[PDB]
file final-v8.txt (compact mmCIF, N, CA and C atoms)
# COMPACT_ATOMS: atom_id res chain seq x y z
N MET D 1 -2.60 16.45 15.39
CA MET D 1 -1.23 15.87 15.33
C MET D 1 -1.19 14.64 14.42
N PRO D 2 -0.04 14.39 13.74
CA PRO D 2 0.14 13.21 12.88
C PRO D 2 -0.04 11.87 13.58
N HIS D 3 -0.58 10.89 12.85
CA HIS D 3 -0.57 9.52 13.29
C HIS D 3 0.55 8.82 12.54
N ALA D 4 0.73 7.55 12.84
CA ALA D 4 1.57 6.74 11.98
C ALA D 4 0.92 6.55 10.62
N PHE D 5 1.77 6.23 9.65
CA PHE D 5 1.30 5.89 8.31
C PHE D 5 0.33 4.71 8.36
N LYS D 6 -0.71 4.79 7.51
CA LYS D 6 -1.63 3.67 7.36
C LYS D 6 -1.94 3.45 5.87
N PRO D 7 -2.42 2.26 5.50
CA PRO D 7 -2.87 2.04 4.11
C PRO D 7 -3.86 3.10 3.63
N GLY D 8 -3.67 3.58 2.38
CA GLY D 8 -4.53 4.60 1.79
C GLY D 8 -3.87 5.99 1.85
N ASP D 9 -2.93 6.18 2.78
CA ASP D 9 -2.26 7.49 2.84
C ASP D 9 -1.47 7.82 1.56
N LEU D 10 -1.51 9.10 1.16
CA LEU D 10 -0.98 9.58 -0.11
C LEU D 10 0.34 10.29 0.23
N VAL D 11 1.37 10.00 -0.57
CA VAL D 11 2.68 10.55 -0.26
C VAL D 11 3.43 10.89 -1.55
N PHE D 12 4.55 11.62 -1.39
CA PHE D 12 5.64 11.50 -2.33
C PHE D 12 6.66 10.59 -1.68
N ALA D 13 7.15 9.59 -2.44
CA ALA D 13 8.08 8.61 -1.87
C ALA D 13 9.45 8.78 -2.55
N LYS D 14 10.57 8.79 -1.78
CA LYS D 14 11.90 9.08 -2.34
C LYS D 14 12.71 7.79 -2.42
N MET D 15 13.21 7.49 -3.63
CA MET D 15 14.28 6.52 -3.74
C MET D 15 15.50 7.11 -4.41
N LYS D 16 16.66 6.55 -4.09
CA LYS D 16 17.93 7.04 -4.61
C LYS D 16 17.85 7.09 -6.13
N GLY D 17 18.27 8.22 -6.73
CA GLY D 17 18.35 8.26 -8.18
C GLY D 17 17.03 8.66 -8.83
N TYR D 18 16.00 8.84 -8.00
CA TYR D 18 14.72 9.20 -8.55
C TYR D 18 14.20 10.43 -7.84
N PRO D 19 13.39 11.26 -8.54
CA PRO D 19 12.76 12.44 -7.93
C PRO D 19 11.71 11.90 -6.95
N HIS D 20 11.37 12.70 -5.95
CA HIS D 20 10.26 12.39 -5.04
C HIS D 20 9.01 12.09 -5.88
N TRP D 21 8.34 10.94 -5.62
CA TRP D 21 7.47 10.33 -6.64
C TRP D 21 6.06 10.15 -6.07
N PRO D 22 4.98 10.52 -6.80
CA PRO D 22 3.61 10.35 -6.27
C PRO D 22 3.35 8.87 -5.96
N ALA D 23 2.81 8.57 -4.77
CA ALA D 23 2.67 7.18 -4.37
C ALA D 23 1.66 7.06 -3.23
N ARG D 24 1.31 5.81 -2.93
CA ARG D 24 0.42 5.60 -1.80
C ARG D 24 0.92 4.46 -0.93
N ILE D 25 0.52 4.46 0.36
CA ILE D 25 0.73 3.27 1.19
C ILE D 25 -0.33 2.24 0.80
N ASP D 26 0.11 1.06 0.40
CA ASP D 26 -0.82 0.02 -0.05
C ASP D 26 -1.22 -0.87 1.12
N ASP D 27 -2.32 -1.60 0.88
CA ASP D 27 -2.69 -2.72 1.73
C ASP D 27 -1.85 -3.92 1.31
N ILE D 28 -1.78 -4.93 2.17
CA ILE D 28 -1.16 -6.19 1.80
C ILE D 28 -2.33 -7.15 1.64
N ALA D 29 -2.49 -7.75 0.45
CA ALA D 29 -3.59 -8.69 0.25
C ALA D 29 -3.36 -9.98 1.06
N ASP D 30 -4.46 -10.62 1.44
CA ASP D 30 -4.37 -11.99 1.96
C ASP D 30 -3.45 -12.78 1.04
N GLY D 31 -2.50 -13.53 1.65
CA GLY D 31 -1.62 -14.42 0.90
C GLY D 31 -0.42 -13.75 0.25
N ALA D 32 -0.41 -12.41 0.24
CA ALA D 32 0.68 -11.61 -0.35
C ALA D 32 1.92 -11.53 0.56
N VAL D 33 3.08 -11.31 -0.08
CA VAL D 33 4.35 -11.14 0.61
C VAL D 33 4.34 -9.88 1.47
N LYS D 34 4.60 -10.03 2.77
CA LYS D 34 4.60 -8.90 3.72
C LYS D 34 5.92 -8.13 3.64
N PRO D 35 5.95 -6.84 4.04
CA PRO D 35 7.21 -6.10 3.99
C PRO D 35 8.10 -6.51 5.15
N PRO D 36 9.38 -6.12 5.13
CA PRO D 36 10.24 -6.25 6.32
C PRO D 36 9.74 -5.40 7.48
N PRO D 37 10.17 -5.66 8.74
CA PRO D 37 9.82 -4.80 9.88
C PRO D 37 10.22 -3.35 9.64
N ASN D 38 9.35 -2.44 10.11
CA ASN D 38 9.51 -1.01 10.00
C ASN D 38 9.39 -0.52 8.55
N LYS D 39 8.95 -1.39 7.61
CA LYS D 39 8.81 -0.95 6.22
C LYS D 39 7.33 -1.02 5.79
N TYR D 40 6.99 -0.16 4.84
CA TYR D 40 5.63 -0.10 4.33
C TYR D 40 5.66 -0.51 2.87
N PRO D 41 4.55 -1.06 2.31
CA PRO D 41 4.46 -1.33 0.88
C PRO D 41 4.02 -0.05 0.20
N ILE D 42 4.87 0.43 -0.71
CA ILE D 42 4.60 1.70 -1.38
C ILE D 42 4.26 1.39 -2.82
N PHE D 43 3.05 1.84 -3.22
CA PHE D 43 2.75 1.73 -4.62
C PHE D 43 3.01 3.07 -5.30
N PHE D 44 3.78 3.01 -6.38
CA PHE D 44 4.20 4.21 -7.12
C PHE D 44 3.22 4.44 -8.26
N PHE D 45 2.56 5.61 -8.25
CA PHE D 45 1.63 5.93 -9.33
C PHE D 45 2.40 6.11 -10.64
N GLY D 46 1.71 5.87 -11.75
CA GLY D 46 2.30 6.02 -13.07
C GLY D 46 3.09 4.77 -13.49
N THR D 47 4.16 4.44 -12.76
CA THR D 47 4.90 3.22 -13.04
C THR D 47 4.14 1.97 -12.59
N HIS D 48 3.32 2.12 -11.54
CA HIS D 48 2.57 1.03 -10.93
C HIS D 48 3.49 -0.03 -10.34
N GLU D 49 4.66 0.39 -9.87
CA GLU D 49 5.57 -0.52 -9.20
C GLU D 49 5.52 -0.36 -7.67
N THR D 50 6.04 -1.38 -6.97
CA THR D 50 5.92 -1.51 -5.52
C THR D 50 7.35 -1.62 -4.99
N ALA D 51 7.68 -0.82 -3.98
CA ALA D 51 8.88 -1.03 -3.20
C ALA D 51 8.56 -0.92 -1.72
N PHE D 52 9.49 -1.35 -0.87
CA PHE D 52 9.29 -1.27 0.56
C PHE D 52 10.15 -0.15 1.14
N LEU D 53 9.50 0.80 1.81
CA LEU D 53 10.23 1.98 2.27
C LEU D 53 9.80 2.28 3.71
N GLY D 54 10.74 2.93 4.43
CA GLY D 54 10.45 3.41 5.78
C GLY D 54 10.10 4.90 5.75
N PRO D 55 9.56 5.41 6.88
CA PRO D 55 9.06 6.79 6.98
C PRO D 55 10.02 7.89 6.59
N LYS D 56 11.32 7.60 6.71
CA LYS D 56 12.30 8.63 6.33
C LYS D 56 12.21 9.04 4.85
N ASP D 57 11.62 8.16 4.00
CA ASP D 57 11.53 8.37 2.57
C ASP D 57 10.09 8.72 2.17
N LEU D 58 9.21 8.98 3.15
CA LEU D 58 7.78 9.20 2.88
C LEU D 58 7.37 10.62 3.27
N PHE D 59 6.93 11.41 2.28
CA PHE D 59 6.51 12.82 2.51
C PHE D 59 5.01 12.92 2.33
N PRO D 60 4.22 13.30 3.35
CA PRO D 60 2.75 13.36 3.16
C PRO D 60 2.39 14.28 1.99
N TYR D 61 1.47 13.83 1.10
CA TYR D 61 1.18 14.52 -0.14
C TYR D 61 0.65 15.96 0.05
N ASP D 62 -0.29 16.19 0.99
CA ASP D 62 -0.90 17.52 1.09
C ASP D 62 0.17 18.55 1.43
N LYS D 63 1.02 18.25 2.43
CA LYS D 63 2.10 19.17 2.80
C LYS D 63 3.09 19.41 1.65
N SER D 64 3.35 18.39 0.80
CA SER D 64 4.52 18.38 -0.07
C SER D 64 4.22 18.65 -1.54
N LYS D 65 2.94 18.76 -1.91
CA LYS D 65 2.64 18.80 -3.34
C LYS D 65 3.08 20.10 -4.02
N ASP D 66 3.12 21.21 -3.27
CA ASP D 66 3.57 22.47 -3.85
C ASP D 66 5.03 22.34 -4.32
N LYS D 67 5.83 21.57 -3.58
CA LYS D 67 7.24 21.42 -3.88
C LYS D 67 7.49 20.33 -4.92
N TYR D 68 6.78 19.18 -4.80
CA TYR D 68 7.19 18.02 -5.58
C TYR D 68 6.18 17.67 -6.69
N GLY D 69 5.02 18.33 -6.69
CA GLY D 69 3.95 18.01 -7.64
C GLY D 69 4.02 18.87 -8.92
N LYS D 70 5.10 18.70 -9.67
CA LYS D 70 5.32 19.41 -10.92
C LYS D 70 5.79 18.40 -11.96
N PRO D 71 5.52 18.61 -13.27
CA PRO D 71 5.90 17.61 -14.27
C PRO D 71 7.39 17.33 -14.27
N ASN D 72 7.73 16.11 -14.64
CA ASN D 72 9.10 15.62 -14.65
C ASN D 72 9.22 14.74 -15.89
N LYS D 73 10.42 14.70 -16.48
CA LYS D 73 10.60 14.03 -17.75
C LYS D 73 10.60 12.51 -17.60
N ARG D 74 10.77 12.00 -16.37
CA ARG D 74 10.96 10.57 -16.17
C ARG D 74 9.71 9.77 -16.52
N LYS D 75 9.92 8.58 -17.09
CA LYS D 75 8.89 7.63 -17.49
C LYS D 75 7.87 7.40 -16.37
N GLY D 76 6.63 7.80 -16.67
CA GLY D 76 5.48 7.47 -15.84
C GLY D 76 5.19 8.56 -14.82
N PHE D 77 6.02 9.59 -14.72
CA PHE D 77 5.80 10.54 -13.65
C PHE D 77 4.51 11.34 -13.83
N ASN D 78 4.30 11.88 -15.03
CA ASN D 78 3.17 12.77 -15.23
C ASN D 78 1.86 11.97 -15.14
N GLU D 79 1.85 10.73 -15.67
CA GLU D 79 0.72 9.83 -15.45
C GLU D 79 0.49 9.73 -13.94
N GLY D 80 1.60 9.52 -13.23
CA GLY D 80 1.51 9.40 -11.77
C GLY D 80 0.87 10.61 -11.09
N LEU D 81 1.21 11.83 -11.53
CA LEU D 81 0.60 13.02 -11.00
C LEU D 81 -0.92 13.04 -11.25
N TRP D 82 -1.35 12.52 -12.42
CA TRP D 82 -2.78 12.50 -12.69
C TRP D 82 -3.46 11.57 -11.70
N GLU D 83 -2.86 10.40 -11.49
CA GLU D 83 -3.49 9.36 -10.70
C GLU D 83 -3.66 9.83 -9.26
N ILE D 84 -2.60 10.43 -8.68
CA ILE D 84 -2.70 10.76 -7.25
C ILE D 84 -3.70 11.89 -7.02
N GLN D 85 -3.87 12.81 -8.00
CA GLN D 85 -4.85 13.91 -7.91
C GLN D 85 -6.28 13.44 -8.20
N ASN D 86 -6.44 12.53 -9.18
CA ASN D 86 -7.76 12.23 -9.74
C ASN D 86 -8.39 10.91 -9.32
N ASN D 87 -7.60 9.88 -9.05
CA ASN D 87 -8.17 8.60 -8.64
C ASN D 87 -7.11 7.84 -7.83
N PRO D 88 -6.73 8.38 -6.67
CA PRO D 88 -5.60 7.79 -5.93
C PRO D 88 -5.91 6.48 -5.23
N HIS D 89 -7.21 6.08 -5.13
CA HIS D 89 -7.57 4.87 -4.41
C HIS D 89 -8.17 3.78 -5.34
N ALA D 90 -7.91 3.93 -6.64
CA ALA D 90 -8.44 2.97 -7.60
C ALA D 90 -7.56 1.72 -7.65
N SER D 91 -8.10 0.66 -8.27
CA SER D 91 -7.32 -0.50 -8.65
C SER D 91 -6.51 -0.20 -9.91
N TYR D 92 -5.17 -0.35 -9.84
CA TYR D 92 -4.28 -0.14 -10.97
C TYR D 92 -3.62 -1.46 -11.39
N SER D 93 -4.05 -2.57 -10.80
CA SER D 93 -3.66 -3.91 -11.23
C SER D 93 -4.10 -4.12 -12.68
call {"tool": "encode", "arguments": {"input": "final-v8.txt", "output": "structure tokens"}}
result
Amino acid sequence: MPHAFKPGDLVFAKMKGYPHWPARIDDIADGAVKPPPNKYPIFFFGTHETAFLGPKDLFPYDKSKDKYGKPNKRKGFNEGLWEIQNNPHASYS
């Protein structure tokens, strides 16, 4: 059975106006800005940007990749697909 989301988990993350996007739940570094309650720090592969999202917008990658893991014309998406398949736990700073 599923657990709650934790840092390191791989997802497609949905924001308004954007296709479901390869991403991971990030850690919060010592001294870093924490998310709001009930929100997770989402790092978006390819763009390397961070937003705060709740579970309603988070699709676990293994279940969802057949549907959402296809090339897309948007800036950074295909790079993002490479990253989540090939080195999803690397430093992209």
call {"tool": "closest_atom_pairs", "arguments": {"input": "final-v8.txt", "of": "stretch 34-87 of chain D", "to": "stretch 17-21 of chain D", "cutoff": "9 Å", "atoms": "only C-alpha atoms", "output": "CSV"}}
result
residue,atom,partner,partner_atom,distance
D:44,CA,D:21,CA,7.0
D:45,CA,D:21,CA,7.8
D:57,CA,D:20,CA,8.7
D:58,CA,D:20,CA,8.9
D:59,CA,D:20,CA,8.4
D:68,CA,D:20,CA,6.4
D:69,CA,D:21,CA,8.5
D:72,CA,D:19,CA,8.3
D:74,CA,D:18,CA,8.6
D:77,CA,D:21,CA,7.2
D:80,CA,D:21,CA,7.9
D:81,CA,D:21,CA,8.6
call {"tool": "write_last_selection", "arguments": {"input": "final-v8.txt", "atoms": "N, CA and C atoms", "output": "PDB file, in the coordinates of the input"}}
result
ATOM      1  N   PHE D  44       3.780   3.010  -6.380  1.00  0.00           N
ATOM      2  CA  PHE D  44       4.200   4.210  -7.120  1.00  0.00           C
ATOM      3  C   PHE D  44       3.220   4.440  -8.260  1.00  0.00           C
ATOM      4  N   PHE D  45       2.560   5.610  -8.250  1.00  0.00           N
ATOM      5  CA  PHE D  45       1.630   5.930  -9.330  1.00  0.00           C
ATOM      6  C   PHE D  45       2.400   6.110 -10.640  1.00  0.00           C
ATOM      7  N   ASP D  57      11.620   8.160   4.000  1.00  0.00           N
ATOM      8  CA  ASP D  57      11.530   8.370   2.570  1.00  0.00           C
ATOM      9  C   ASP D  57      10.090   8.720   2.170  1.00  0.00           C
ATOM     10  N   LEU D  58       9.210   8.980   3.150  1.00  0.00           N
ATOM     11  CA  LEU D  58       7.780   9.200   2.880  1.00  0.00           C
ATOM     12  C   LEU D  58       7.370  10.620   3.270  1.00  0.00           C
ATOM     13  N   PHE D  59       6.930  11.410   2.280  1.00  0.00           N
ATOM     14  CA  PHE D  59       6.510  12.820   2.510  1.00  0.00           C
ATOM     15  C   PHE D  59       5.010  12.920   2.330  1.00  0.00           C
ATOM     16  N   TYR D  68       6.780  19.180  -4.800  1.00  0.00           N
ATOM     17  CA  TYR D  68       7.190  18.020  -5.580  1.00  0.00           C
ATOM     18  C   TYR D  68       6.180  17.670  -6.690  1.00  0.00           C
ATOM     19  N   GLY D  69       5.020  18.330  -6.690  1.00  0.00           N
ATOM     20  CA  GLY D  69       3.950  18.010  -7.640  1.00  0.00           C
ATOM     21  C   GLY D  69       4.020  18.870  -8.920  1.00  0.00           C
ATOM     22  N   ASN D  72       7.730  16.110 -14.640  1.00  0.00           N
ATOM     23  CA  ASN D  72       9.100  15.620 -14.650  1.00  0.00           C
ATOM     24  C   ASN D  72       9.220  14.740 -15.890  1.00  0.00           C
ATOM     25  N   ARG D  74      10.770  12.000 -16.370  1.00  0.00           N
ATOM     26  CA  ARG D  74      10.960  10.570 -16.170  1.00  0.00           C
ATOM     27  C   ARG D  74       9.710   9.770 -16.520  1.00  0.00           C
ATOM     28  N   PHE D  77       6.020   9.590 -14.720  1.00  0.00           N
ATOM     29  CA  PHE D  77       5.800  10.540 -13.650  1.00  0.00           C
ATOM     30  C   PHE D  77       4.510  11.340 -13.830  1.00  0.00           C
ATOM     31  N   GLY D  80       1.600   9.520 -13.230  1.00  0.00           N
ATOM     32  CA  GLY D  80       1.510   9.400 -11.770  1.00  0.00           C
ATOM     33  C   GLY D  80       0.870  10.610 -11.090  1.00  0.00           C
ATOM     34  N   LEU D  81       1.210  11.830 -11.530  1.00  0.00           N
ATOM     35  CA  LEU D  81       0.600  13.020 -11.000  1.00  0.00           C
ATOM     36  C   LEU D  81      -0.920  13.040 -11.250  1.00  0.00           C
TER      37      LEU D  81
END
call {"tool": "atom_distance", "arguments": {"input": "final-v8.txt", "atom1": "atom C of residue D:63", "atom2": "atom CA of residue D:15"}}
result
17.9 Å
call {"tool": "closest_residue", "arguments": {"input": "final-v8.txt", "among": "D:73, D:87, D:41, D:78", "to": "residue D:28", "atoms": "only N, CA and C atoms"}}
result
D:41
call {"tool": "select_by_dssp", "arguments": {"input": "final-v8.txt", "residues": "chain D", "states": "alpha helix (DSSP H)", "output": "ChimeraX atom specification"}}
result
/D:61-68,77-86
call {"tool": "write_last_selection", "arguments": {"input": "final-v8.txt", "atoms": "N, CA and C atoms", "output": "PDB file, in the frame of the given file"}}
result
ATOM      1  N   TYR D  61       1.470  13.830   1.100  1.00  0.00           N
ATOM      2  CA  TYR D  61       1.180  14.520  -0.140  1.00  0.00           C
ATOM      3  C   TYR D  61       0.650  15.960   0.050  1.00  0.00           C
ATOM      4  N   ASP D  62      -0.290  16.190   0.990  1.00  0.00           N
ATOM      5  CA  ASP D  62      -0.900  17.520   1.090  1.00  0.00           C
ATOM      6  C   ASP D  62       0.170  18.550   1.430  1.00  0.00           C
ATOM      7  N   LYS D  63       1.020  18.250   2.430  1.00  0.00           N
ATOM      8  CA  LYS D  63       2.100  19.170   2.800  1.00  0.00           C
ATOM      9  C   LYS D  63       3.090  19.410   1.650  1.00  0.00           C
ATOM     10  N   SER D  64       3.350  18.390   0.800  1.00  0.00           N
ATOM     11  CA  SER D  64       4.520  18.380  -0.070  1.00  0.00           C
ATOM     12  C   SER D  64       4.220  18.650  -1.540  1.00  0.00           C
ATOM     13  N   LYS D  65       2.940  18.760  -1.910  1.00  0.00           N
ATOM     14  CA  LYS D  65       2.640  18.800  -3.340  1.00  0.00           C
ATOM     15  C   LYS D  65       3.080  20.100  -4.020  1.00  0.00           C
ATOM     16  N   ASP D  66       3.120  21.210  -3.270  1.00  0.00           N
ATOM     17  CA  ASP D  66       3.570  22.470  -3.850  1.00  0.00           C
ATOM     18  C   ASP D  66       5.030  22.340  -4.320  1.00  0.00           C
ATOM     19  N   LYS D  67       5.830  21.570  -3.580  1.00  0.00           N
ATOM     20  CA  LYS D  67       7.240  21.420  -3.880  1.00  0.00           C
ATOM     21  C   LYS D  67       7.490  20.330  -4.920  1.00  0.00           C
ATOM     22  N   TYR D  68       6.780  19.180  -4.800  1.00  0.00           N
ATOM     23  CA  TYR D  68       7.190  18.020  -5.580  1.00  0.00           C
ATOM     24  C   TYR D  68       6.180  17.670  -6.690  1.00  0.00           C
ATOM     25  N   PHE D  77       6.020   9.590 -14.720  1.00  0.00           N
ATOM     26  CA  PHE D  77       5.800  10.540 -13.650  1.00  0.00           C
ATOM     27  C   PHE D  77       4.510  11.340 -13.830  1.00  0.00           C
ATOM     28  N   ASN D  78       4.300  11.880 -15.030  1.00  0.00           N
ATOM     29  CA  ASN D  78       3.170  12.770 -15.230  1.00  0.00           C
ATOM     30  C   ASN D  78       1.860  11.970 -15.140  1.00  0.00           C
ATOM     31  N   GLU D  79       1.850  10.730 -15.670  1.00  0.00           N
ATOM     32  CA  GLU D  79       0.720   9.830 -15.450  1.00  0.00           C
ATOM     33  C   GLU D  79       0.490   9.730 -13.940  1.00  0.00           C
ATOM     34  N   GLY D  80       1.600   9.520 -13.230  1.00  0.00           N
ATOM     35  CA  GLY D  80       1.510   9.400 -11.770  1.00  0.00           C
ATOM     36  C   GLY D  80       0.870  10.610 -11.090  1.00  0.00           C
ATOM     37  N   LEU D  81       1.210  11.830 -11.530  1.00  0.00           N
ATOM     38  CA  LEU D  81       0.600  13.020 -11.000  1.00  0.00           C
ATOM     39  C   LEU D  81      -0.920  13.040 -11.250  1.00  0.00           C
ATOM     40  N   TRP D  82      -1.350  12.520 -12.420  1.00  0.00           N
ATOM     41  CA  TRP D  82      -2.780  12.500 -12.690  1.00  0.00           C
ATOM     42  C   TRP D  82      -3.460  11.570 -11.700  1.00  0.00           C
ATOM     43  N   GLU D  83      -2.860  10.400 -11.490  1.00  0.00           N
ATOM     44  CA  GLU D  83      -3.490   9.360 -10.700  1.00  0.00           C
ATOM     45  C   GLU D  83      -3.660   9.830  -9.260  1.00  0.00           C
ATOM     46  N   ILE D  84      -2.600  10.430  -8.680  1.00  0.00           N
ATOM     47  CA  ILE D  84      -2.700  10.760  -7.250  1.00  0.00           C
ATOM     48  C   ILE D  84      -3.700  11.890  -7.020  1.00  0.00           C
ATOM     49  N   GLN D  85      -3.870  12.810  -8.000  1.00  0.00           N
ATOM     50  CA  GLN D  85      -4.850  13.910  -7.910  1.00  0.00           C
ATOM     51  C   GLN D  85      -6.280  13.440  -8.200  1.00  0.00           C
ATOM     52  N   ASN D  86      -6.440  12.530  -9.180  1.00  0.00           N
ATOM     53  CA  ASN D  86      -7.760  12.230  -9.740  1.00  0.00           C
ATOM     54  C   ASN D  86      -8.390  10.910  -9.320  1.00  0.00           C
TER      55      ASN D  86
END
call {"tool": "atom_distance", "arguments": {"input": "final-v8.txt", "atom1": "atom C of residue D:37", "atom2": "atom CA of residue D:2"}}
result
19.7 Å
call {"tool": "axis_aligned_box", "arguments": {"input": "final-v8.txt", "around": "stretch 38-57 of chain D", "padding_each_side": "3 Å", "output": "lines of an AutoDock Vina configuration file"}}
result
center_x = 7.0
center_y = 3.3
center_z = -1.7
size_x = 16.7
size_y = 17.5
size_z = 29.6
call {"tool": "atom_distance", "arguments": {"input": "final-v8.txt", "atom1": "atom CA of residue D:7", "atom2": "atom CA of residue D:43"}}
result
10.4 Å
call {"tool": "residues_around", "arguments": {"input": "final-v8.txt", "residues": "residue D:23", "least_positions_apart": "6", "cutoff": "8 Å", "atoms": "only N, CA and C atoms", "output": "count of residues only"}}
result
17
call {"tool": "closest_residue", "arguments": {"input": "final-v8.txt", "among": "D:16, D:25, D:38, D:90", "to": "residue D:54", "atoms": "only C-alpha atoms"}}
result
D:38
call {"tool": "build_atoms", "arguments": {"input": "final-v8.txt", "residues": "stretch 60-74 of chain D", "atoms": "N, CA, C and O atoms", "output": "PDB file, keeping the file's coordinate frame"}}
result
ATOM      1  N   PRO D  60       4.220  13.300   3.350  1.00  0.00           N
ATOM      2  CA  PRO D  60       2.750  13.360   3.160  1.00  0.00           C
ATOM      3  C   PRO D  60       2.390  14.280   1.990  1.00  0.00           C
ATOM      4  O   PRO D  60       2.912  15.358   1.814  1.00  0.00           O
ATOM      5  N   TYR D  61       1.470  13.830   1.100  1.00  0.00           N
ATOM      6  CA  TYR D  61       1.180  14.520  -0.140  1.00  0.00           C
ATOM      7  C   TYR D  61       0.650  15.960   0.050  1.00  0.00           C
ATOM      8  O   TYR D  61       1.127  16.816  -0.665  1.00  0.00           O
ATOM      9  N   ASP D  62      -0.290  16.190   0.990  1.00  0.00           N
ATOM     10  CA  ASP D  62      -0.900  17.520   1.090  1.00  0.00           C
ATOM     11  C   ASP D  62       0.170  18.550   1.430  1.00  0.00           C
ATOM     12  O   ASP D  62       0.295  19.548   0.714  1.00  0.00           O
ATOM     13  N   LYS D  63       1.020  18.250   2.430  1.00  0.00           N
ATOM     14  CA  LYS D  63       2.100  19.170   2.800  1.00  0.00           C
ATOM     15  C   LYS D  63       3.090  19.410   1.650  1.00  0.00           C
ATOM     16  O   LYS D  63       3.646  20.511   1.541  1.00  0.00           O
ATOM     17  N   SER D  64       3.350  18.390   0.800  1.00  0.00           N
ATOM     18  CA  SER D  64       4.520  18.380  -0.070  1.00  0.00           C
ATOM     19  C   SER D  64       4.220  18.650  -1.540  1.00  0.00           C
ATOM     20  O   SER D  64       5.148  18.701  -2.352  1.00  0.00           O
ATOM     21  N   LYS D  65       2.940  18.760  -1.910  1.00  0.00           N
ATOM     22  CA  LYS D  65       2.640  18.800  -3.340  1.00  0.00           C
ATOM     23  C   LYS D  65       3.080  20.100  -4.020  1.00  0.00           C
ATOM     24  O   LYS D  65       3.410  20.099  -5.205  1.00  0.00           O
ATOM     25  N   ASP D  66       3.120  21.210  -3.270  1.00  0.00           N
ATOM     26  CA  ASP D  66       3.570  22.470  -3.850  1.00  0.00           C
ATOM     27  C   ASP D  66       5.030  22.340  -4.320  1.00  0.00           C
ATOM     28  O   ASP D  66       5.412  22.885  -5.349  1.00  0.00           O
ATOM     29  N   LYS D  67       5.830  21.570  -3.580  1.00  0.00           N
ATOM     30  CA  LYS D  67       7.240  21.420  -3.880  1.00  0.00           C
ATOM     31  C   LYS D  67       7.490  20.330  -4.920  1.00  0.00           C
ATOM     32  O   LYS D  67       8.384  20.461  -5.744  1.00  0.00           O
ATOM     33  N   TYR D  68       6.780  19.180  -4.800  1.00  0.00           N
ATOM     34  CA  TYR D  68       7.190  18.020  -5.580  1.00  0.00           C
ATOM     35  C   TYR D  68       6.180  17.670  -6.690  1.00  0.00           C
ATOM     36  O   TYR D  68       6.489  16.833  -7.549  1.00  0.00           O
ATOM     37  N   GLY D  69       5.020  18.330  -6.690  1.00  0.00           N
ATOM     38  CA  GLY D  69       3.950  18.010  -7.640  1.00  0.00           C
ATOM     39  C   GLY D  69       4.020  18.870  -8.920  1.00  0.00           C
ATOM     40  O   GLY D  69       3.148  19.672  -9.178  1.00  0.00           O
ATOM     41  N   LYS D  70       5.100  18.700  -9.670  1.00  0.00           N
ATOM     42  CA  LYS D  70       5.320  19.410 -10.920  1.00  0.00           C
ATOM     43  C   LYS D  70       5.790  18.400 -11.960  1.00  0.00           C
ATOM     44  O   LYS D  70       6.396  17.396 -11.634  1.00  0.00           O
ATOM     45  N   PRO D  71       5.520  18.610 -13.270  1.00  0.00           N
ATOM     46  CA  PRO D  71       5.900  17.610 -14.270  1.00  0.00           C
ATOM     47  C   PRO D  71       7.390  17.330 -14.270  1.00  0.00           C
ATOM     48  O   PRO D  71       8.193  18.215 -13.948  1.00  0.00           O
ATOM     49  N   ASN D  72       7.730  16.110 -14.640  1.00  0.00           N
ATOM     50  CA  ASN D  72       9.100  15.620 -14.650  1.00  0.00           C
ATOM     51  C   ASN D  72       9.220  14.740 -15.890  1.00  0.00           C
ATOM     52  O   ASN D  72       8.253  14.112 -16.303  1.00  0.00           O
ATOM     53  N   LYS D  73      10.420  14.700 -16.480  1.00  0.00           N
ATOM     54  CA  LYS D  73      10.600  14.030 -17.750  1.00  0.00           C
ATOM     55  C   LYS D  73      10.600  12.510 -17.600  1.00  0.00           C
ATOM     56  O   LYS D  73      10.398  11.796 -18.588  1.00  0.00           O
ATOM     57  N   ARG D  74      10.770  12.000 -16.370  1.00  0.00           N
ATOM     58  CA  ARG D  74      10.960  10.570 -16.170  1.00  0.00           C
ATOM     59  C   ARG D  74       9.710   9.770 -16.520  1.00  0.00           C
ATOM     60  O   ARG D  74       8.585  10.218 -16.259  1.00  0.00           O
TER      61      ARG D  74
END
